[PDB]
Amino acid sequence: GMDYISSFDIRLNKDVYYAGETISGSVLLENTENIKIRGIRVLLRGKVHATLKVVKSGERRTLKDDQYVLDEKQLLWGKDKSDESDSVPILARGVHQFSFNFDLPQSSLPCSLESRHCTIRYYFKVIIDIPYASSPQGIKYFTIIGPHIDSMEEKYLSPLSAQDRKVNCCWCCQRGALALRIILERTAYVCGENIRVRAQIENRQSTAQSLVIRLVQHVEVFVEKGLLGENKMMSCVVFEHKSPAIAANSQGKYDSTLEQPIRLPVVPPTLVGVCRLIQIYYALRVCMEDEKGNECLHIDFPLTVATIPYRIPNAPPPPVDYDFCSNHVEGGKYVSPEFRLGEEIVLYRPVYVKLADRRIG
Amino acid sequence: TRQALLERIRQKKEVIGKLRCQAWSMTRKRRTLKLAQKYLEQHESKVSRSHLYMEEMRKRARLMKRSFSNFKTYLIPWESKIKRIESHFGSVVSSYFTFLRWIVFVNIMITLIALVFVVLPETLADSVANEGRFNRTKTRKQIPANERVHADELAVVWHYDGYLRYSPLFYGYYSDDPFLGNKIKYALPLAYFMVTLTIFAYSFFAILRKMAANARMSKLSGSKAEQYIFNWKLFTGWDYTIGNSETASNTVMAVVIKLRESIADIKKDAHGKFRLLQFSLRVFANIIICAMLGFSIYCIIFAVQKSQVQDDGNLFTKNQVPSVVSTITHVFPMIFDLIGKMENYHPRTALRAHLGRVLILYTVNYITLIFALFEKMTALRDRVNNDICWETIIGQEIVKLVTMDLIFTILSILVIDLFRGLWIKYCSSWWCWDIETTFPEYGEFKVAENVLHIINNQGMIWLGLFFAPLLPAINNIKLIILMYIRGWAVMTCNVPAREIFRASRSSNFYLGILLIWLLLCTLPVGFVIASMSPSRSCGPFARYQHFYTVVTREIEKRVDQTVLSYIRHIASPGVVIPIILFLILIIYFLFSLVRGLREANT
Amino acid sequence: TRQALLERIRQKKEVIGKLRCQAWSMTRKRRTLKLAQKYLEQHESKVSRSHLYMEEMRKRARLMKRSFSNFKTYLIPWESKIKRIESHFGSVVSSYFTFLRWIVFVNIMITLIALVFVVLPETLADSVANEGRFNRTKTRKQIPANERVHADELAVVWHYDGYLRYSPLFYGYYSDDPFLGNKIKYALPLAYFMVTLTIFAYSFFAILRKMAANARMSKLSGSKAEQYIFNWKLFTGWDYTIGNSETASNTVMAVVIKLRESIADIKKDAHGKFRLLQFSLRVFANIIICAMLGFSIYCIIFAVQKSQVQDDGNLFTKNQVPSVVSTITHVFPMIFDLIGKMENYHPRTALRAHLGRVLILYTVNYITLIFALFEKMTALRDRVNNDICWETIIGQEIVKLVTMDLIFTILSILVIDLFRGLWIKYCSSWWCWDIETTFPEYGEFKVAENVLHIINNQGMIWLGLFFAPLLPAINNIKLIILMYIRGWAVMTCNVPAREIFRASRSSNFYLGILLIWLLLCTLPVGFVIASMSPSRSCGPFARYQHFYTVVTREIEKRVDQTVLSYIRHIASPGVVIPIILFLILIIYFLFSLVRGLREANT
Amino acid sequence: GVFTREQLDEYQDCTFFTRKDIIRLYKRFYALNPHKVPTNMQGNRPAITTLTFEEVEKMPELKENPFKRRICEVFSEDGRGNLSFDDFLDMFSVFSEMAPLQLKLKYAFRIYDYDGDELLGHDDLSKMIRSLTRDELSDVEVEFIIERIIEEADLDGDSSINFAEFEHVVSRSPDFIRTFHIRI
Amino acid sequence: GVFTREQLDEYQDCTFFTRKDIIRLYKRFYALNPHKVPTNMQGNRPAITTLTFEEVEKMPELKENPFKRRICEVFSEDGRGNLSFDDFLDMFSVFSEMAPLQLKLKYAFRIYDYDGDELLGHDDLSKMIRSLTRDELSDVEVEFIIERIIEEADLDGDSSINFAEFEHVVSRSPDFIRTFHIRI
Amino acid sequence: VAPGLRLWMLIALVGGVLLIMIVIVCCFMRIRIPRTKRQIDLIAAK
Amino acid sequence: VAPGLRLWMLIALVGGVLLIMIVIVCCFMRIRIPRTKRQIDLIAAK
Ligand SMILES: [Ca+2]
Ligand SMILES: [Ca+2]
Ligand SMILES: [Ca+2]
Ligand SMILES: [Ca+2]
Ligand SMILES: [Ca+2]
Ligand SMILES: [Ca+2]
Ligand SMILES: [Ca+2]
């Protein structure tokens, strides 16, 4: 009953924490008169909610599934349901604060995301069960930083080299050759960090070519309810970069650190095999585009999004800026209808990390 | 010092070789390999030139072995077929197909040995044969004009007479000349004899080598086993090879039934029952089985006796013992299984009884067939005593038997599996009774009977490869057809058994039967070589009074008379029987040896 | 309650049987016995009459077994003698005496078998011989009047000629008549052949049974043993049978030495040494041993060859083959030990090498002597061809060899043990150097060499018991004299060894050598039976062209010709040679199989 | 050239697979998910390219395996829920017929436990019973089976089976090599 | 005879001896001391006929045995320092060659202990070595022998040898039944 | 031609081509005459 | 009497009687030709 509850709030000293840390918070409840309450409880729930729309025999079917990854509860005030004592404690009128502390597990937790077909939300649910009346519920959301990706892993420290060459005519005629060689120092990168690339290109064709690099976010949603199951294939280009044109029957050298910074966009971290209900991976596609739009010699790289840069001791002090997510990537383009009350304002939206650009002065 | 370095090198080599047997991660394995490579590079400038030469020779040998293995994996056929049959039906049925693939390999090797050194030289010499050689070989390589008009009559070519009787398929097609030609000096009778010996030697070599591989290097840890019933039926109770839903459900039901029955038996521990009707049924069935075995004996004897004609007077009766023997070999086993309904007991010992009865039937039929053939042929020789050719006739008999066996096997597959399956599928809904849940059933793949079929056919091939050099070559095609039709029948008309047991639960059981049959087949060839007198008008042994002479005529010409006479006294029975006794005694010593070792490992 | 009664009777039987084998206090055993007897008395009146009769039969059988054991314990001789030798010298020296007593029992059984069925009925028939039989056998039983006057010449009797040649002892004394006499119809030649076969059969049976009792029922847990060096050298480091102060002190010092050397070897664990001089000495010793063996072969061959006279031309040279061969067997081994001085190494392996060389020498001398004897007899028979009797002459050679072996052994015992010991005792006070602390000493009992001598003598008995039926009768006296003399010598002249080892530390090593020698001796007797042709003027096999014929003519009189012809062809060389190949192959497979089993056990 | 000469040499040396087998396994890996696995995998790409356990479970070999999740977890890398190409190779090379009995015994033991304490407790064996039988046995029957198993396969009286005890008991079973085998 | 039928039948049942052997042992027992042992001995007499240990140790069979005292104490009745005819017969019936290997093993294990706790400790084996060697070895030598015996003949790591370990170790020795034997 | 010398040849040739045709068809198809246990059970129940 | 027929016989009987006499008396006596190690040590010390 809204007429009985005057103020209801949840307050934490911090809004973002890291994996394995201790999270502390408090519930503030203000009432004007004495209200009979069996108890007030708090629960921690991290839920993955997926909705998939399919058509079978001309009939539209909506498959809805849920996954509970985190489930922690703690009694805040009152008596348990097993307590047969009729002496119900009474909460005096005024404002009361109930503090709570929990410890996050060390196991890998999937990162939060908000999409039309899949949403991962970590939240605290405070329930004030009250006799002869509807029990109010208060839900507070937070962001879990994961998975635990460390750049010192041996798989990421090795360099990568690729090369290819194509001849448009009979091998005998060396005319028309197109050769590319590309070297990267590593495969793991941090959001907002510059990617170091080196490349040599030789073009002997009659028309100029441009090096097109596209970041493709593959987000697959899989539901299990069904005889055969339904899967969602979803692919978008996160960003596209075009290199300067190469003159005919010439050669050129390319380097991101020397020509222009290839700006990586604020993107969700790579989430593979951490949650069964959705797969997210990053494909870096490199191709050559002619003046007529023909693509050839496609090279695909798997991209790993790490959070910790390659760090040697004598490393800078941590603090780096927190900013709002970009709207041109998955996770921000769709907002659930339950989240908009009515310049649009959203109740909850992911916050990501970045380093402020080079401030000269 | 030097000892420490040698010990370190030995430890590194042991780690590298045993790395494939360590349950380590790929990253750790690669790190260990890199560390070993770095250590080898460091120790390279520590040894002399000879050690480097041994190292490079070892590396080259390992590279050659690896290349040979890679190339050999390109020539192994029927891999996807075996994998599919395994993942649909299990890993007990697919053992038949693996055994058949190995048998095909052995037969291909036998055919190569018998073809590079006998058939090909003779045909090559015939191609460039001079006028004199043709004049000498016309009586054996050209069909006479009188019978040539009757070369194809749907009965002459079906009996391998006519055009096939004078073909390289039989032994008499070959020349009698000690020298095949000038400037080459190829001894044809000697090559024939040595090829016949080498084929048996290689069969023994392959069987014993596979036995040793399956025994010492595979299942040397299975010795001295007792109880552990629940450990055996639970820890190794799931088949990882099964990849089908219905097969997995049947396996789950079977393991549940096995555990329930085992616990029920171990709980009550009481077995008391005595019915006069049950004992009467058992004795009646065991009497009728022997009566039917005697009936088979009488039938095969009557079939061999009724074929008392040598001239081409009639052929609707000479074609009997091809059709009787095979019929029994393909009808009697099934009825045997029906007798198992009267004898109700543990399915394992029921399968053991079935296997024993079938093996007894096969051995009895083989021995009686050999005795009957020899008696008939000796009677024919006595009556005829230009002279008839007996090796070619025996080759005809063996090849006819093999071909009729193949045809009857195809008929049995088409009837029991295909036609029966279609009849059941399209006629069980409106039949008088529930014949889907009754005796007929669908049909289960019997591994034991089919492996016995393969062993019996290979035994016939071994018996008849002396009088017909190109019998293994035909057997290759027979086995290929057999494998393909068996695969189709099992994948298309058969269902997995609700519960499957094994007669021995050992790998070297069917190979034991194979070795026993190889010996039972090398006995008659040995007797024929030693005692029987070759025909004077056919084959390369027509110039001698005994088959073996072509060898000793070579021995006697290069060895002195006195030493040969001294050596011949070894063959006295009174010097040989002690040798047999000594061999039995040392085998008995090893059997206690084996027994002792087994008790030890208990 | 049949099941309860059966369980109770089984428990009572187990309690009764295991009472003597249980390590309980004596009063506890008596209390258990009273409980068992009371329970048996209570259970007596529970069953029917048939069960009571069966129990009566069982207890009567046990009573017979106990009475027979008690009676057998009254006929075991030489108990205190072995007991005293054991208490003075140990439990390794007495092993030779127990082996010799068992050999004496075996030889007594052999003599009884050969005496009830052959010699005694023959002598009984001769005592009642008629005029016709006497006329027929005068040429073989009654010494001619020409030579009767020269029956004794100090050399004729020593060569077993004269009155000894015409005694049953030799083969040629027995008559050729198919039946010994009326109303008995005893076939003397058939009895001869059957007894000759039964001797070898019983020898094999007794050796195998003793080996089984020593291994299977006594040390069945001794197989699959490893390490446990200090337990075996400490817990089993005392001999309980030693009961002399000097022997006890000697074995105490010996066990102290064993422990100290074992600890010294296990501490340092370094074995590095290479001297060219010791290698040269070792190869020189091994070469001179082979040359000395060849000298033995040449001497034996020359001795047999020079004895080319059959008539009584001269006897001072005809007696050179038994004398020379014997001395080798008695003089050649000792020098072996001297050669072992040059090749210094661990006593165990040195003793094993000495045993191997002595075994090789004995086998080579046996083979050469038998070959030369057979060749000389064949040549002499061909030169002389009433006909001469080669079998009786070979029997004479074997008997003379045995007698000269006994005489030379007695002389060697009198010289090496008695005379040397007396010389050391009465001449060490004023000798040039301390021989008592030098190579001579007093003389240590050599178990291995003497057991080898016993085995070799028994081998000669087996080889020559066909041509001389009463050779075992002589060998019984020889063995009794040998046992008494060996006991007296070991008491009166020998001293306990400072450290005595065993070649194999197994109770079935000397028995295994005996079995191998039995096979080696059944080789030539079998060859003689199978191949050689009997003399026409001596022995009961004079009426046949071969030895075994007397058996066949008895088989053919009751067996049809067709079945005999059928069974003959099985012995064909082409059926036997594959059997030899099969046995060789299974031997190799079981060897590899045994190897794998042992590996698994380890 | 998907794999280098030295890469193929190390693959052959570590595992029981020839070049044809390695190429076939790469083809199967690609056919599992063509988009996620790049066409060229030269370098450390096998170590970083992974699939979730659910996708791998869909293949016909492991589709009906009651312990598919356990096998995928045991043969996986340090990550949870991810199976890589190298771990795929190890999984199908351990299961192969040419691998000796010792490796099969070791990996069967490492698969059969759940907690990871190198011991087979009552809970692990009960869970194996309930997974293999598919919850078709009564609790009393399951407990009786577990009691028989511990009483007949333990000598130290600890109610648990160790790796050495496991290798001693189940290595004498003639059906183990036949059953613990995957053809691929 | 001097024994009743029941007496000698019982003796033959418990022991490994025939009538002649029992008579000979009676004669030897009488020869040990003519004064105390009665000539007529029917009935309960053997159970009450005992002599001191020193009289038994004087016979030449065990005169030179270092462990004579331990043997008599092990084979004796509850009484200390007294050995009876029944115990004497059992002592020479186990030692005979007809007694199976198990009985000799059990009685050897019983003899070789000193405290009597069915466990072969360090002190017991050290005393046995000192008695057998006759104090001809150094203390460090005895310590090394003891350490080797303990480390080589232990499976449970209890620093002691029980009857099962003793049987498993020394029953495979080929010189045991030959040595553990006294003829009488 | 001849009813005993050439009719069999034509019959054998026709049988051979028919057999090749039958083999080919089967080789490209996966007929499964046995039914799955589920549908057999549903048929038996009804 | 006779040198080749009876002298050897007379020598044989004489030797047999002498050997019987040797065996008889010796068997009863308990002569121990070897000397104990105590005597050896006493001689070595002196
Ligand atoms: Ca079928
Ligand atoms: Ca067939
Ligand atoms: Ca001799
Ligand atoms: Ca001596
Ligand atoms: Ca566990
Ligand atoms: Ca104790
Ligand atoms: Ca212990």
# chains A, B, ... in the order shown; residues from 1 in each chain; ligands from 1
call {"tool": "residues_near_ligand", "arguments": {"ligand": "ligand 2", "cutoff": "8 Å", "atoms": "only C-alpha atoms and all ligand atoms", "output": "PyMOL selection string"}}
result
chain B and resi 405-406+409+450+453-454+457+482
call {"tool": "calpha_fit_rmsd", "arguments": {"fixed": "chain B", "moving": "chain C"}}
result
1.1 Å
call {"tool": "residues_around", "arguments": {"residues": "residue 367 of chain B", "least_positions_apart": "2", "cutoff": "12 Å", "atoms": "only C-alpha atoms", "output": "PyMOL selection string"}}
result
chain B and resi 297+300-301+360-365+369-374+459-460+463+517+520-521+523-524
call {"tool": "write_last_selection", "arguments": {"atoms": "C-alpha atoms", "output": "mmCIF file, in the first residue's frame"}}
result
data_model
loop_
_atom_site.group_PDB
_atom_site.id
_atom_site.type_symbol
_atom_site.label_atom_id
_atom_site.label_comp_id
_atom_site.auth_asym_id
_atom_site.auth_seq_id
_atom_site.Cartn_x
_atom_site.Cartn_y
_atom_site.Cartn_z
ATOM 1 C CA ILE B 297 27.113 -86.956 -41.865
ATOM 2 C CA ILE B 300 27.304 -85.415 -47.005
ATOM 3 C CA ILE B 301 28.417 -89.026 -47.526
ATOM 4 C CA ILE B 360 31.672 -79.308 -33.684
ATOM 5 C CA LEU B 361 29.374 -79.332 -36.718
ATOM 6 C CA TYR B 362 31.864 -77.373 -38.833
ATOM 7 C CA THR B 363 34.851 -79.536 -37.865
ATOM 8 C CA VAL B 364 32.921 -82.777 -38.407
ATOM 9 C CA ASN B 365 31.709 -81.609 -41.824
ATOM 10 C CA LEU B 369 34.326 -83.910 -46.621
ATOM 11 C CA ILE B 370 38.101 -84.375 -46.814
ATOM 12 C CA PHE B 371 37.857 -88.117 -46.149
ATOM 13 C CA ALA B 372 35.083 -88.544 -48.716
ATOM 14 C CA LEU B 373 36.918 -86.536 -51.381
ATOM 15 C CA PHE B 374 40.115 -88.528 -50.879
ATOM 16 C CA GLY B 459 39.991 -72.701 -43.955
ATOM 17 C CA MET B 460 38.588 -73.898 -47.273
ATOM 18 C CA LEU B 463 43.057 -76.223 -47.997
ATOM 19 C CA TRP B 517 41.677 -74.362 -38.375
ATOM 20 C CA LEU B 520 43.627 -78.649 -39.431
ATOM 21 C CA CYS B 521 44.003 -77.398 -43.013
ATOM 22 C CA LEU B 523 47.543 -81.366 -42.155
ATOM 23 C CA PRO B 524 45.896 -82.616 -45.411
#
call {"tool": "residues_around", "arguments": {"residues": "residue 87 of chain E", "least_positions_apart": "4", "cutoff": "7 Å", "atoms": "only C-alpha atoms", "output": "list in words"}}
result
residues 26 of chain C; 75, 76, 83 and 91 of chain E
call {"tool": "closest_residue", "arguments": {"among": "D:158, D:165, D:139, D:117", "to": "ligand 5", "atoms": "only C-alpha atoms and all ligand atoms"}}
result
D:117
call {"tool": "atom_distance", "arguments": {"atom1": "atom CA of residue 349 of chain A", "atom2": "atom CA of residue 190 of chain A"}}
result
20.8 Å
call {"tool": "residues_near_ligand", "arguments": {"ligand": "ligand 1", "cutoff": "6 Å", "atoms": "only C-alpha atoms and all ligand atoms", "output": "ChimeraX atom specification"}}
result
/B:413,416-417,445
call {"tool": "interface_residues", "arguments": {"of": "chain E", "to": "chain C", "cutoff": "6 Å", "atoms": "only C-alpha atoms", "output": "VMD selection string"}}
result
chain E and resid 14 to 15 61 64 103 172 176 179 to 180 182
call {"tool": "residues_around", "arguments": {"residues": "segment 128-139 of chain C", "least_positions_apart": "5", "cutoff": "10 Å", "atoms": "only C-alpha atoms", "output": "PDB file with N, CA, C and O atoms, in the first residue's frame"}}
result
ATOM      1  N   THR C 123      64.664-118.217 -15.275  1.00  0.00           N
ATOM      2  CA  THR C 123      65.443-119.182 -14.509  1.00  0.00           C
ATOM      3  C   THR C 123      64.580-120.359 -14.073  1.00  0.00           C
ATOM      4  O   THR C 123      65.042-121.507 -14.059  1.00  0.00           O
ATOM      5  N   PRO C 144      80.681-123.387 -24.084  1.00  0.00           N
ATOM      6  CA  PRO C 144      81.290-124.502 -24.819  1.00  0.00           C
ATOM      7  C   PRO C 144      82.437-125.127 -24.038  1.00  0.00           C
ATOM      8  O   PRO C 144      83.157-124.448 -23.303  1.00  0.00           O
ATOM      9  N   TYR C 166      77.495-116.285 -20.137  1.00  0.00           N
ATOM     10  CA  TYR C 166      76.367-117.202 -20.294  1.00  0.00           C
ATOM     11  C   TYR C 166      75.490-117.241 -19.048  1.00  0.00           C
ATOM     12  O   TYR C 166      74.963-118.296 -18.677  1.00  0.00           O
ATOM     13  N   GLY C 172      71.685-112.256 -24.255  1.00  0.00           N
ATOM     14  CA  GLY C 172      71.662-113.448 -25.086  1.00  0.00           C
ATOM     15  C   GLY C 172      71.362-114.745 -24.359  1.00  0.00           C
ATOM     16  O   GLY C 172      71.333-115.798 -25.007  1.00  0.00           O
ATOM     17  N   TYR C 173      71.151-114.706 -23.044  1.00  0.00           N
ATOM     18  CA  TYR C 173      70.859-115.933 -22.310  1.00  0.00           C
ATOM     19  C   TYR C 173      69.409-116.379 -22.461  1.00  0.00           C
ATOM     20  O   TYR C 173      69.094-117.535 -22.158  1.00  0.00           O
ATOM     21  N   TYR C 174      68.524-115.514 -22.940  1.00  0.00           N
ATOM     22  CA  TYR C 174      67.102-115.817 -22.944  1.00  0.00           C
ATOM     23  C   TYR C 174      66.682-116.438 -24.270  1.00  0.00           C
ATOM     24  O   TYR C 174      67.113-116.012 -25.344  1.00  0.00           O
ATOM     25  N   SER C 175      65.831-117.456 -24.182  1.00  0.00           N
ATOM     26  CA  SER C 175      65.481-118.287 -25.323  1.00  0.00           C
ATOM     27  C   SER C 175      64.473-117.592 -26.236  1.00  0.00           C
ATOM     28  O   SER C 175      63.688-116.741 -25.815  1.00  0.00           O
ATOM     29  N   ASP C 176      64.492-117.992 -27.508  1.00  0.00           N
ATOM     30  CA  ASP C 176      63.637-117.435 -28.550  1.00  0.00           C
ATOM     31  C   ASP C 176      62.226-118.003 -28.548  1.00  0.00           C
ATOM     32  O   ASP C 176      61.393-117.541 -29.335  1.00  0.00           O
ATOM     33  N   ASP C 177      61.942-118.988 -27.706  1.00  0.00           N
ATOM     34  CA  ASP C 177      60.668-119.689 -27.781  1.00  0.00           C
ATOM     35  C   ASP C 177      59.515-118.729 -27.501  1.00  0.00           C
ATOM     36  O   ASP C 177      59.605-117.912 -26.575  1.00  0.00           O
ATOM     37  N   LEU C 180      57.199-119.676 -22.678  1.00  0.00           N
ATOM     38  CA  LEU C 180      58.165-120.224 -21.730  1.00  0.00           C
ATOM     39  C   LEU C 180      57.870-121.687 -21.422  1.00  0.00           C
ATOM     40  O   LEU C 180      58.794-122.500 -21.307  1.00  0.00           O
ATOM     41  N   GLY C 181      56.598-122.040 -21.287  1.00  0.00           N
ATOM     42  CA  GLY C 181      56.249-123.415 -20.997  1.00  0.00           C
ATOM     43  C   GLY C 181      54.750-123.613 -21.043  1.00  0.00           C
ATOM     44  O   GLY C 181      53.984-122.672 -21.261  1.00  0.00           O
ATOM     45  N   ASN C 386      77.272-119.159 -35.000  1.00  0.00           N
ATOM     46  CA  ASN C 386      76.694-118.425 -36.118  1.00  0.00           C
ATOM     47  C   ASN C 386      77.119-116.962 -36.092  1.00  0.00           C
ATOM     48  O   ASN C 386      78.294-116.651 -35.896  1.00  0.00           O
ATOM     49  N   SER C 537      71.515-115.295 -33.627  1.00  0.00           N
ATOM     50  CA  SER C 537      72.084-116.375 -32.831  1.00  0.00           C
ATOM     51  C   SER C 537      72.111-116.081 -31.335  1.00  0.00           C
ATOM     52  O   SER C 537      72.807-116.786 -30.594  1.00  0.00           O
ATOM     53  N   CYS C 538      71.381-115.069 -30.865  1.00  0.00           N
ATOM     54  CA  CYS C 538      71.375-114.736 -29.448  1.00  0.00           C
ATOM     55  C   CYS C 538      70.137-113.914 -29.117  1.00  0.00           C
ATOM     56  O   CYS C 538      69.644-113.137 -29.938  1.00  0.00           O
ATOM     57  N   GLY C 539      69.644-114.096 -27.895  1.00  0.00           N
ATOM     58  CA  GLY C 539      68.519-113.339 -27.399  1.00  0.00           C
ATOM     59  C   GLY C 539      67.189-113.890 -27.870  1.00  0.00           C
ATOM     60  O   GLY C 539      67.123-114.689 -28.808  1.00  0.00           O
TER      61      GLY C 539
END
call {"tool": "atom_distance", "arguments": {"atom1": "atom CA of residue 597 of chain C", "atom2": "atom CA of residue 97 of chain B"}}
result
29.2 Å
call {"tool": "residues_near_ligand", "arguments": {"ligand": "ligand 5", "cutoff": "8 Å", "atoms": "only C-alpha atoms and all ligand atoms", "output": "list in words"}}
result
residues 113, 114, 115, 116, 117, 118, 119, 120, 121, 122, 123 and 124 of chain D
